[PDB]
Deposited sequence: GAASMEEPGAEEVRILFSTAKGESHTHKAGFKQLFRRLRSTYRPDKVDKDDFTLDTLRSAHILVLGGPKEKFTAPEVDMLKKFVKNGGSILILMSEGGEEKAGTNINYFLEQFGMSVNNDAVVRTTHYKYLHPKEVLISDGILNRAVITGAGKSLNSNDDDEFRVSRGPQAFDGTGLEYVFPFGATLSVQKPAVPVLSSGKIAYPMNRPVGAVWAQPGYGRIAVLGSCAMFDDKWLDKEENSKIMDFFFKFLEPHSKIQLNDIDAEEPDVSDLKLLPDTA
């Protein structure tokens, strides 16, 4: 019914093989996930699918590959792009050339905690007030208002977001840099949709089950699925607290 392709075509760090195993498994409950490899990375393969996932690409896209992605969305397909700390510079890709055409860009930075949590490494950030659009929901040393859901954002980068895109998740107040977009989307009635997340690790085998990460996961695939019922809150979209 809903077909999801997990790409391995650009050396993705997170795939069915390694990184997104539990994610792949949990998507079978409601969707039909598959892989797409380098030889199969074409418009014909994509046209039969509904959601394309790029789980941390580590190689450059050619100009025809970028046109292909644009065509896919234009014909109603959805794209979920997940990046990581260091952005595209460290990863060795050029996906921002696609993303900036839709008002989005992955930054070359790394989100870290500014407060103490015992069991987290500094780049594993607990975010309790980072919900920018409510449609997502609907002393010791160093120890709608955007709350309502808590998640862990491990080893991620921030995003630069402008119209026509809309930011939906932020780094929250106890991270550096604070209150910067960490998740964003693009949509147009009659066409496909794009979602960008600055972290692959937040959906990996360790973190998908922690806090409410899988609820964030639930939101994004419901948002990206064909004829989605998800509508962004318009107040939050026009005036996001970020």
Response to the item:
Coverage holes, deposited numbering, ordered by position, sit at 1-11, 150-160, 166-171, 271-280
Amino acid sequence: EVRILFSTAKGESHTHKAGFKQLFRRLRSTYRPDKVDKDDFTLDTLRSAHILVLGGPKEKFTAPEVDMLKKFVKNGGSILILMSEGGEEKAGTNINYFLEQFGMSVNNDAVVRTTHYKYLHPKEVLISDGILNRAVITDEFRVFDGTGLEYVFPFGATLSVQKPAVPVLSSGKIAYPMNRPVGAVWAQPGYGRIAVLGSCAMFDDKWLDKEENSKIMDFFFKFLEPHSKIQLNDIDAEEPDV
From here on, numbers count along this sequence of modelled residues.
Discussion item. Tell me which stretch, 167-175 or 91-99, has the higher mean Cα B-factor listed in the entry.
Written reply: 91-99
Worksheet entry | 185-193 versus 31-39 - greater average Cα B-factor per the deposited record | 31-39
Practice prompt. Pick out which of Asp129, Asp109, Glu124, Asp139 has the highest C-alpha B-factor in the PDB entry.
Written response: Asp139
Item to complete: Quick one: classify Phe223 as lowest, middle or highest third of the chain based on its Cα B-factor.
Response: lowest
Worksheet item: Taking the entry's C-alpha B-factors for this chain, is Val152 in the lowest, middle or highest third?
Response: middle
Response to the item:
Of the three thirds of Cα B-factor ranks in this chain, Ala135 occupies the middle
Practice prompt. Looking at the entry's B-factor column for C-alpha atoms only, identify whether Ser199 ranks in the lowest, middle or highest third of its chain.
Written response: middle
Discussion item. Based on the deposited C-alpha B factors for this chain, I'd like to know if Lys206 is in the lowest, middle or highest third.
Written reply: middle
